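Just one chain follows, in the form deposited in one PDB entry, and it is written as structure tokens.
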């Protein structure tokens, strides 16, 4: 019985967290008031005397607009007030403000609220941290929180769900700066980070769900489907990835390059049909059009690969589909395997959402060198602006030093070379 604590930071993290916790409730049969009429799901939910199932989560933002939605939504009764933390003024898309000035006024309150959740744990495994790379809070306050969590909870694991910026999904000009600065400062405090590319999620909603112009609800509902498949192993009985520690083991051979790529199939509109075989949904995982990050894995090598099946999946059918796949290259001295996992619970969808309820789905988690393409794009945008020192005064005006922009960028240059050496 090993507990997991989820920390949702900034707009993106809170909004995706709302989509997640709604979907966990549908998967575990928990009601919007926390009652459950029926261990596994207790890793994510504590119980009250009254029989309420309270998410083991903390929602944080420097301004209250987003969290106020949670305080009056479908799950208003699901979270106790003390789990929802807000300031009165945000980081204004400035990492320095979220990390050094405004963020320091609330970090202590946040740590007390986490220490209250942790004292209710018999075997805390670690934390799941959700945030944008681009926001001032998502970037600055999260990196401050990751530093402090390494000190106060040094032997515990930290996984991240990070939103990579995309021009199609309302990005700010300075998001390339915030992204690089948070990556640099979190690179040694996080154990594994799953990047979600808003351009990827946006093209899937357009292509596979026929949505003309997706909004954050459409993008988040799809994102939460992928997040739930990744976390399913921790909330149900399972063979593969049953604890936070096993994610590093299975997906992260080399500690710095800890950014696995997630692919999910089938993504089918509720409108659209017959049912897809295990062979077909597996093949979809290798199609680049189904990835959470825009990059070509055929122009790269694999260091690890996990396939997580959900639903009416016979094991023999998987072994045949994996056999077909070997007949895609691997890194030199790494093993050339696939770890498979099957949860026979059918995949769940939000009633009346955009996704169709299917009989079988798969989530493939791969750690591939092709993800470096995503870092190359970010670094290029950083270089163009930094050469002219555009927008830098906003950062140095909020307690930051210019040398920190250089260290951060060097760290990314060194991370780009790590992928090229491997």
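Between two forms, the rigid core is defined as the largest C-alpha subset superposing within 1.5 Å. Residue numbers count along the first chain shown, from 1.
Per the record, residue 272 and residue 273 are separated by 1 to 3 deposited residues that are missing from the model.
The entry shows an unbroken chain from residue 72 to residue 73, with no unmodelled residues of the deposited sequence in between.
The question of which stretch, 330-338 or 343-351, has the higher mean Cα B factor is settled in favour of 330-338. Judged by mean Cα B factor in the deposited record, 72-80 ranks above the other of 311-319 and 72-80. Per the deposited record, 276 carries the highest C-alpha B-factor of all listed residues (181, 174, 200, 276). Per the PDB entry, 254 shows the highest C-alpha temperature factor of the residues 130, 254, 194, 133. Per the PDB record, residue ranking by Cα B-factor puts residue 65 in the middle third of the chain. Among the modelled residues of its chain, residue 207 has a C-alpha B-factor that falls in the highest third, as given in the PDB entry. Among all modelled residues in this chain, the alpha-carbon of residue 152 has a temperature factor (C-alpha) in the highest third. In this PDB entry, residue 107 carries a Cα temperature factor that places it within the middle third of its chain's modelled residues. The entry lists a Cα temperature factor for residue 294 that places it in the middle third of the chain's modelled residues.
Absent from the display: the form deposited in another entry. The rest refers to it.
With the rigid core aligned between the shown form and the other one, only one of 309, 259, 264, 247 has a CA shift of 2 Å or more: 247. The Cα position of residue 238 differs by 2 Å or more between the shown form and the other one after fitting on the rigid core. Between residue 159 and residue 240, the Cα distance is greater in the other form than in this structure, by no less than 3 angstroms. In the other form, the CA atoms of residue 111 and residue 244 move apart by 3 angstroms or more relative to this form.
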